[PDB]
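Shown below: protein-v6.pdb, with PDB, C-alpha atoms.
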```
ATOM      1  CA  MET Z   1     128.023-113.229 -94.973
ATOM      2  CA  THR Z   2     127.328-116.656 -93.475
ATOM      3  CA  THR Z   3     124.388-118.747 -94.682
ATOM      4  CA  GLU Z   4     121.135-119.493 -92.858
ATOM      5  CA  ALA Z   5     121.554-122.257 -90.279
ATOM      6  CA  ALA Z   6     125.189-122.603 -91.340
ATOM      7  CA  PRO Z   7     128.743-121.747 -90.162
ATOM      8  CA  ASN Z   8     128.237-118.209 -88.857
ATOM      9  CA  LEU Z   9     131.008-115.717 -89.641
ATOM     10  CA  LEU Z  10     132.233-113.261 -87.020
ATOM     11  CA  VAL Z  11     134.808-110.603 -87.901
ATOM     12  CA  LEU Z  12     136.920-109.210 -85.082
ATOM     13  CA  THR Z  13     138.819-105.945 -85.475
ATOM     14  CA  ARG Z  14     141.256-105.005 -82.723
ATOM     15  CA  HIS Z  15     142.311-101.351 -82.624
ATOM     16  CA  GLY Z  16     145.912-100.904 -83.733
ATOM     17  CA  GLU Z  17     148.301 -99.048 -81.442
ATOM     18  CA  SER Z  18     147.193 -96.190 -79.198
ATOM     19  CA  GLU Z  19     149.261 -93.191 -78.108
ATOM     20  CA  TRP Z  20     149.894 -94.718 -74.680
ATOM     21  CA  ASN Z  21     150.813 -97.900 -76.546
ATOM     22  CA  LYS Z  22     153.818 -96.222 -78.151
ATOM     23  CA  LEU Z  23     154.943 -95.007 -74.731
ATOM     24  CA  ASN Z  24     154.770 -98.649 -73.620
ATOM     25  CA  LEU Z  25     152.606 -98.111 -70.533
ATOM     26  CA  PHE Z  26     149.606 -99.949 -69.083
ATOM     27  CA  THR Z  27     146.251 -98.766 -70.435
ATOM     28  CA  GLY Z  28     143.256-100.184 -68.587
ATOM     29  CA  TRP Z  29     139.822 -98.598 -68.926
ATOM     30  CA  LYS Z  30     141.049 -95.128 -69.906
ATOM     31  CA  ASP Z  31     140.213 -94.038 -73.453
ATOM     32  CA  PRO Z  32     143.501 -93.148 -75.223
ATOM     33  CA  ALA Z  33     143.867 -91.562 -78.661
ATOM     34  CA  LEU Z  34     144.580 -93.929 -81.555
ATOM     35  CA  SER Z  35     147.713 -93.271 -83.612
ATOM     36  CA  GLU Z  36     148.654 -93.145 -87.294
ATOM     37  CA  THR Z  37     149.489 -96.842 -87.134
ATOM     38  CA  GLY Z  38     146.113 -97.503 -85.590
ATOM     39  CA  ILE Z  39     144.295 -95.292 -88.068
ATOM     40  CA  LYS Z  40     146.400 -96.536 -90.969
ATOM     41  CA  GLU Z  41     145.816-100.005 -89.562
ATOM     42  CA  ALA Z  42     142.081 -99.389 -89.321
ATOM     43  CA  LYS Z  43     141.923 -97.943 -92.827
ATOM     44  CA  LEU Z  44     144.160-100.727 -94.107
ATOM     45  CA  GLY Z  45     142.007-103.185 -92.208
ATOM     46  CA  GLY Z  46     138.836-101.799 -93.708
ATOM     47  CA  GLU Z  47     140.446-101.648 -97.128
ATOM     48  CA  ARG Z  48     141.602-105.180 -96.353
ATOM     49  CA  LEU Z  49     138.070-106.188 -95.392
ATOM     50  CA  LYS Z  50     136.528-104.516 -98.450
ATOM     51  CA  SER Z  51     139.372-105.456-100.807
ATOM     52  CA  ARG Z  52     138.911-109.205-100.341
ATOM     53  CA  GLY Z  53     135.154-108.858-100.682
ATOM     54  CA  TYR Z  54     134.068-109.646 -97.122
ATOM     55  CA  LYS Z  55     130.688-107.973 -96.620
ATOM     56  CA  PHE Z  56     129.213-107.110 -93.235
ATOM     57  CA  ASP Z  57     125.647-107.560 -92.011
ATOM     58  CA  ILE Z  58     126.027-106.370 -88.422
ATOM     59  CA  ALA Z  59     128.876-104.868 -86.341
ATOM     60  CA  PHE Z  60     129.778-104.803 -82.656
ATOM     61  CA  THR Z  61     132.143-102.491 -80.792
ATOM     62  CA  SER Z  62     133.122-101.532 -77.264
ATOM     63  CA  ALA Z  63     132.238 -98.384 -75.332
ATOM     64  CA  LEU Z  64     135.753 -97.033 -75.902
ATOM     65  CA  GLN Z  65     136.700 -94.271 -78.343
ATOM     66  CA  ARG Z  66     139.587 -96.347 -79.680
ATOM     67  CA  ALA Z  67     137.217 -99.050 -80.899
ATOM     68  CA  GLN Z  68     134.245 -96.717 -81.207
ATOM     69  CA  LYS Z  69     136.491 -94.726 -83.502
ATOM     70  CA  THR Z  70     138.378 -97.617 -85.052
ATOM     71  CA  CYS Z  71     134.960 -98.991 -86.034
ATOM     72  CA  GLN Z  72     133.867 -95.804 -87.795
ATOM     73  CA  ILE Z  73     137.161 -95.784 -89.686
ATOM     74  CA  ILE Z  74     136.983 -99.415 -90.783
ATOM     75  CA  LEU Z  75     133.235 -99.096 -91.387
ATOM     76  CA  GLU Z  76     133.793 -95.830 -93.239
ATOM     77  CA  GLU Z  77     136.722 -97.446 -95.048
ATOM     78  CA  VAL Z  78     135.109-100.742 -96.061
ATOM     79  CA  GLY Z  79     132.480 -98.523 -97.642
ATOM     80  CA  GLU Z  80     129.536 -99.887 -95.676
ATOM     81  CA  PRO Z  81     128.778 -97.377 -92.851
ATOM     82  CA  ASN Z  82     125.088 -98.200 -93.266
ATOM     83  CA  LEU Z  83     125.985-101.428 -91.462
ATOM     84  CA  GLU Z  84     124.666-101.788 -87.917
ATOM     85  CA  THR Z  85     127.672-101.011 -85.748
ATOM     86  CA  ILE Z  86     126.647-101.427 -82.117
ATOM     87  CA  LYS Z  87     128.651-100.326 -79.071
ATOM     88  CA  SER Z  88     128.958-102.212 -75.782
ATOM     89  CA  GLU Z  89     130.457-101.149 -72.463
ATOM     90  CA  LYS Z  90     130.802-104.799 -71.514
ATOM     91  CA  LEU Z  91     133.003-105.229 -74.596
ATOM     92  CA  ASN Z  92     135.663-102.992 -73.034
ATOM     93  CA  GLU Z  93     139.166-103.989 -71.908
ATOM     94  CA  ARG Z  94     139.877-105.783 -68.632
ATOM     95  CA  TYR Z  95     140.450-103.098 -65.983
ATOM     96  CA  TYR Z  96     144.076-102.647 -64.904
ATOM     97  CA  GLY Z  97     143.330-101.394 -61.394
ATOM     98  CA  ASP Z  98     146.223 -99.310 -60.077
ATOM     99  CA  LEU Z  99     148.470-100.562 -62.890
ATOM    100  CA  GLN Z 100     147.140 -98.034 -65.405
ATOM    101  CA  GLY Z 101     150.140 -95.814 -66.075
ATOM    102  CA  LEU Z 102     152.988 -98.225 -65.412
ATOM    103  CA  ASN Z 103     155.670 -98.726 -68.052
ATOM    104  CA  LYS Z 104     155.812-102.376 -69.125
ATOM    105  CA  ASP Z 105     159.535-102.187 -68.391
ATOM    106  CA  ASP Z 106     159.001-101.016 -64.826
ATOM    107  CA  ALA Z 107     155.954-103.254 -64.514
ATOM    108  CA  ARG Z 108     157.918-106.252 -65.768
ATOM    109  CA  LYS Z 109     160.940-104.983 -63.850
ATOM    110  CA  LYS Z 110     158.876-104.870 -60.652
ATOM    111  CA  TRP Z 111     156.559-107.828 -61.323
ATOM    112  CA  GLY Z 112     158.592-109.868 -63.804
ATOM    113  CA  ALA Z 113     157.056-111.978 -66.539
ATOM    114  CA  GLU Z 114     155.758-114.209 -63.752
ATOM    115  CA  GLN Z 115     153.846-111.730 -61.594
ATOM    116  CA  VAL Z 116     153.182-109.560 -64.637
ATOM    117  CA  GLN Z 117     151.862-112.632 -66.475
ATOM    118  CA  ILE Z 118     149.670-113.867 -63.635
ATOM    119  CA  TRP Z 119     148.743-110.188 -63.328
ATOM    120  CA  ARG Z 120     147.926-109.588 -67.000
ATOM    121  CA  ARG Z 121     146.977-113.066 -68.246
ATOM    122  CA  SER Z 122     146.472-115.691 -65.519
ATOM    123  CA  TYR Z 123     142.791-116.349 -66.264
ATOM    124  CA  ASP Z 124     140.734-115.395 -63.206
ATOM    125  CA  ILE Z 125     143.175-113.393 -61.079
ATOM    126  CA  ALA Z 126     143.257-109.617 -61.486
ATOM    127  CA  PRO Z 127     145.746-106.916 -60.373
ATOM    128  CA  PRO Z 128     144.919-104.577 -57.450
ATOM    129  CA  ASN Z 129     141.445-103.430 -58.583
ATOM    130  CA  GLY Z 130     142.117-104.649 -62.114
ATOM    131  CA  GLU Z 131     139.812-107.120 -63.843
ATOM    132  CA  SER Z 132     140.485-110.598 -65.223
ATOM    133  CA  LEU Z 133     139.459-112.777 -68.158
ATOM    134  CA  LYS Z 134     136.633-114.696 -66.483
ATOM    135  CA  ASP Z 135     135.271-111.405 -65.124
ATOM    136  CA  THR Z 136     135.469-109.610 -68.461
ATOM    137  CA  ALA Z 137     134.102-112.678 -70.208
ATOM    138  CA  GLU Z 138     131.390-113.143 -67.584
ATOM    139  CA  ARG Z 139     130.458-109.495 -68.127
ATOM    140  CA  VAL Z 140     131.128-109.585 -71.894
ATOM    141  CA  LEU Z 141     129.274-112.792 -72.715
ATOM    142  CA  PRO Z 142     125.904-111.332 -71.590
ATOM    143  CA  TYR Z 143     126.006-108.798 -74.404
ATOM    144  CA  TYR Z 144     127.065-111.592 -76.715
ATOM    145  CA  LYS Z 145     124.475-114.096 -75.575
ATOM    146  CA  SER Z 146     121.766-111.495 -74.906
ATOM    147  CA  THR Z 147     122.034-109.301 -78.014
ATOM    148  CA  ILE Z 148     124.293-111.531 -80.118
ATOM    149  CA  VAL Z 149     122.810-115.010 -79.695
ATOM    150  CA  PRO Z 150     119.553-114.387 -81.725
ATOM    151  CA  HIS Z 151     121.159-113.201 -84.977
ATOM    152  CA  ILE Z 152     124.170-115.531 -84.894
ATOM    153  CA  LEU Z 153     121.604-118.339 -85.072
ATOM    154  CA  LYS Z 154     119.743-116.953 -88.088
ATOM    155  CA  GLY Z 155     122.941-117.280 -90.097
ATOM    156  CA  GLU Z 156     124.263-113.724 -90.213
ATOM    157  CA  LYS Z 157     127.838-112.427 -90.188
ATOM    158  CA  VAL Z 158     129.040-109.893 -87.595
ATOM    159  CA  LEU Z 159     131.837-107.410 -86.779
ATOM    160  CA  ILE Z 160     133.450-107.152 -83.351
ATOM    161  CA  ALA Z 161     135.693-104.389 -82.018
ATOM    162  CA  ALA Z 162     136.804-104.468 -78.392
ATOM    163  CA  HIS Z 163     140.201-105.646 -77.081
ATOM    164  CA  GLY Z 164     142.515-108.619 -76.768
ATOM    165  CA  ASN Z 165     140.931-109.449 -73.427
ATOM    166  CA  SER Z 166     137.386-108.942 -74.723
ATOM    167  CA  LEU Z 167     138.031-111.013 -77.841
ATOM    168  CA  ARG Z 168     140.115-113.367 -75.708
ATOM    169  CA  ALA Z 169     137.153-113.926 -73.424
ATOM    170  CA  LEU Z 170     134.946-114.085 -76.504
ATOM    171  CA  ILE Z 171     137.086-116.625 -78.352
ATOM    172  CA  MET Z 172     137.442-118.289 -74.944
ATOM    173  CA  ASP Z 173     133.728-118.876 -74.357
ATOM    174  CA  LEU Z 174     133.310-119.110 -78.120
ATOM    175  CA  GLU Z 175     135.814-121.975 -78.237
ATOM    176  CA  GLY Z 176     135.235-123.475 -74.793
ATOM    177  CA  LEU Z 177     138.866-122.992 -73.812
ATOM    178  CA  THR Z 178     140.389-124.038 -70.497
ATOM    179  CA  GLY Z 179     141.751-121.959 -67.619
ATOM    180  CA  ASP Z 180     145.228-122.832 -68.904
ATOM    181  CA  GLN Z 181     144.532-122.781 -72.657
ATOM    182  CA  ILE Z 182     143.188-119.260 -73.280
ATOM    183  CA  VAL Z 183     146.202-117.427 -71.867
ATOM    184  CA  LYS Z 184     148.282-118.875 -74.723
ATOM    185  CA  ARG Z 185     146.102-117.763 -77.646
ATOM    186  CA  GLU Z 186     146.898-114.603 -79.617
ATOM    187  CA  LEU Z 187     145.398-112.004 -81.958
ATOM    188  CA  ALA Z 188     146.537-109.386 -84.474
ATOM    189  CA  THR Z 189     146.542-105.646 -83.767
ATOM    190  CA  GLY Z 190     145.499-103.359 -86.600
ATOM    191  CA  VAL Z 191     144.476-106.274 -88.805
ATOM    192  CA  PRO Z 192     140.996-107.751 -88.145
ATOM    193  CA  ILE Z 193     140.327-111.452 -87.664
ATOM    194  CA  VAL Z 194     137.275-113.529 -88.587
ATOM    195  CA  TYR Z 195     135.979-116.517 -86.644
ATOM    196  CA  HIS Z 196     134.319-119.483 -88.334
ATOM    197  CA  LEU Z 197     131.510-120.040 -85.839
ATOM    198  CA  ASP Z 198     128.562-122.384 -86.210
ATOM    199  CA  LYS Z 199     124.825-121.715 -86.147
ATOM    200  CA  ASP Z 200     125.094-121.754 -82.335
ATOM    201  CA  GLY Z 201     128.046-119.402 -81.985
ATOM    202  CA  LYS Z 202     130.968-121.804 -81.686
ATOM    203  CA  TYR Z 203     134.129-122.060 -83.789
ATOM    204  CA  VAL Z 204     133.962-124.714 -86.510
ATOM    205  CA  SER Z 205     137.297-124.458 -88.312
ATOM    206  CA  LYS Z 206     139.759-121.723 -87.462
ATOM    207  CA  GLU Z 207     140.241-117.962 -87.398
ATOM    208  CA  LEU Z 208     141.283-116.050 -90.519
ATOM    209  CA  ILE Z 209     141.976-112.679 -92.050
ATOM    210  CA  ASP Z 210     141.943-110.884 -95.413
ATOM    211  CA  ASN Z 211     145.331-109.162 -95.634
TER     212      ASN Z 211
END
```
Represent the structure contained in this file as structure tokens.
Amino acid sequence: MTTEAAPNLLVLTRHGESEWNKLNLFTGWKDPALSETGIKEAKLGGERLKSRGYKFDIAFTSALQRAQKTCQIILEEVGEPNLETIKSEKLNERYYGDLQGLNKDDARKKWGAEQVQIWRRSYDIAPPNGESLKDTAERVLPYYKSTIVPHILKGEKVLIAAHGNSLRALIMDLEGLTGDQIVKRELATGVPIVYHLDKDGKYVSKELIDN
């Protein structure tokens, strides 16, 4: 999509809502089963990505079925499966330690927005065994830098399917955020989101969608 030695374009597609999502319980590393909204969202997303005319050169996903699946759907929907859709384990979601399986209500009712926040967002702190942003980023960036820094420089456009945290960390390092400026950002579930990065891999305008 992007031009050679010009503002590189990176599309990010976050899986819609998973089964456990409807229940309103913490996920973590577990691989839940996407739902109609997610699928419909994926399809819609793909149709949204192909409808506008946004073409893909390369694609990146996580090592989770939700995204590993969500990618196939969107990729199969956009009508460009031939695209190179890679999968990364480092592009997974920040571990939730012993929180995996706790209803947000109970979680928030037992940890409040405060503890829950510092527990879920914070920046570097992570719940009992759970991971954090810096960690995820630190372990997500390698894939990015390593296998995503050579093409992003040539002037190619790429897909990315992981999770709020993953993308958060991504956008974080991709934008050069601050410990107290990345926990305020936000993304869209079901509907992708493209970044206007430069020839180095840094934002140069602002995110955007197709829908």
*Within 12 Å of residue 56 in chain Z, counting only C-alpha atoms, which residues qualify if same-chain residues fewer than 4 places away don't, as number ranges by chain?*
Z: 1-2, 8-12, 46, 49-50, 60, 74-75, 78-85, 156-160, 194
Draw an axis-aligned box tight on the listed atoms of range 111-122 of chain Z, then pad every side by 3 Å and write out centre and edge lengths in Å to one decimal as AutoDock Vina command-line options.
```
--center_x 152.5 --center_y -111.8 --center_z -64.8 --size_x 18.1 --size_y 13.9 --size_z 12.9
```
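Applied to the file shown here, the PyMOL selection byres ((chain Z and resi 203) around 12) selects the residues residues 6, 7, 8, 9, 10, 152, 170, 171, 172, 173, 174, 175, 176, 177, 194, 195, 196, 197, 198, 199, 200, 201, 202, 204, 205, 206, 207 and 208 of chain Z.
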Written selection (C-alpha atoms) as a PDB file, keeping the file's coordinate frame:
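Saved to again_28.pdb:
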```
ATOM      1  CA  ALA Z   6     125.189-122.603 -91.340  1.00  0.00           C
ATOM      2  CA  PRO Z   7     128.743-121.747 -90.162  1.00  0.00           C
ATOM      3  CA  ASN Z   8     128.237-118.209 -88.857  1.00  0.00           C
ATOM      4  CA  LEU Z   9     131.008-115.717 -89.641  1.00  0.00           C
ATOM      5  CA  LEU Z  10     132.233-113.261 -87.020  1.00  0.00           C
ATOM      6  CA  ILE Z 152     124.170-115.531 -84.894  1.00  0.00           C
ATOM      7  CA  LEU Z 170     134.946-114.085 -76.504  1.00  0.00           C
ATOM      8  CA  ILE Z 171     137.086-116.625 -78.352  1.00  0.00           C
ATOM      9  CA  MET Z 172     137.442-118.289 -74.944  1.00  0.00           C
ATOM     10  CA  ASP Z 173     133.728-118.876 -74.357  1.00  0.00           C
ATOM     11  CA  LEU Z 174     133.310-119.110 -78.120  1.00  0.00           C
ATOM     12  CA  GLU Z 175     135.814-121.975 -78.237  1.00  0.00           C
ATOM     13  CA  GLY Z 176     135.235-123.475 -74.793  1.00  0.00           C
ATOM     14  CA  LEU Z 177     138.866-122.992 -73.812  1.00  0.00           C
ATOM     15  CA  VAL Z 194     137.275-113.529 -88.587  1.00  0.00           C
ATOM     16  CA  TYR Z 195     135.979-116.517 -86.644  1.00  0.00           C
ATOM     17  CA  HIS Z 196     134.319-119.483 -88.334  1.00  0.00           C
ATOM     18  CA  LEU Z 197     131.510-120.040 -85.839  1.00  0.00           C
ATOM     19  CA  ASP Z 198     128.562-122.384 -86.210  1.00  0.00           C
ATOM     20  CA  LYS Z 199     124.825-121.715 -86.147  1.00  0.00           C
ATOM     21  CA  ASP Z 200     125.094-121.754 -82.335  1.00  0.00           C
ATOM     22  CA  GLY Z 201     128.046-119.402 -81.985  1.00  0.00           C
ATOM     23  CA  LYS Z 202     130.968-121.804 -81.686  1.00  0.00           C
ATOM     24  CA  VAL Z 204     133.962-124.714 -86.510  1.00  0.00           C
ATOM     25  CA  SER Z 205     137.297-124.458 -88.312  1.00  0.00           C
ATOM     26  CA  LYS Z 206     139.759-121.723 -87.462  1.00  0.00           C
ATOM     27  CA  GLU Z 207     140.241-117.962 -87.398  1.00  0.00           C
ATOM     28  CA  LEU Z 208     141.283-116.050 -90.519  1.00  0.00           C
TER      29      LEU Z 208
END
```
Contacts between range 99-106 of chain Z and range 119-179 of chain Z, please, where a residue of range 119-179 of chain Z counts if it comes within 9 Å (with all atoms listed in the file); show its shortest atom pair and distance in Å to one decimal, rows by chain and ascending number, as CSV.
```
residue,atom,partner,partner_atom,distance
Z:127,CA,Z:99,CA,7.4
Z:128,CA,Z:99,CA,7.6
Z:129,CA,Z:99,CA,8.7
Z:130,CA,Z:99,CA,7.6
```
*Distance in Å - CA of residue 135 in chain Z versus CA of residue 161 in chain Z*: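 If I compute the distance from CA of residue 135 in chain Z to CA of residue 161 in chain Z, I get 18.3 Å.
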*Specify as a PyMOL selection string each residue included when the PyMOL selection byres ((chain Z and resi 92) around 7) is applied to this file.*
chain Z and resi 62-64+89-91+93-94+162-163+166
*When distances are computed from all atoms listed in the file, which of Z:147, Z:13, Z:27, Z:178 shows the smallest separation from residue 120 in chain Z?*
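Answer, going by the shortest atom-to-atom distance: Z:27.
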*Extract, using only C-alpha atoms, all DNA, RNA and protein residues at most 10 Å from residue 186 in chain Z, discarding same-chain residues fewer than 3 positions from it, and format them as a list in words.*
residues 164, 167, 168, 182, 183 and 189 of chain Z
*Counting only C-alpha atoms, the option among Z:34, Z:126, Z:5, Z:169 closest to residue 138 in chain Z*: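 With only C-alpha atoms as the atom set, the closest residue is Z:169.
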_Hits of the PyMOL selection byres ((chain Z and resi 29) around 6) in this structure, as number ranges by chain_ = Z: 28, 30, 95
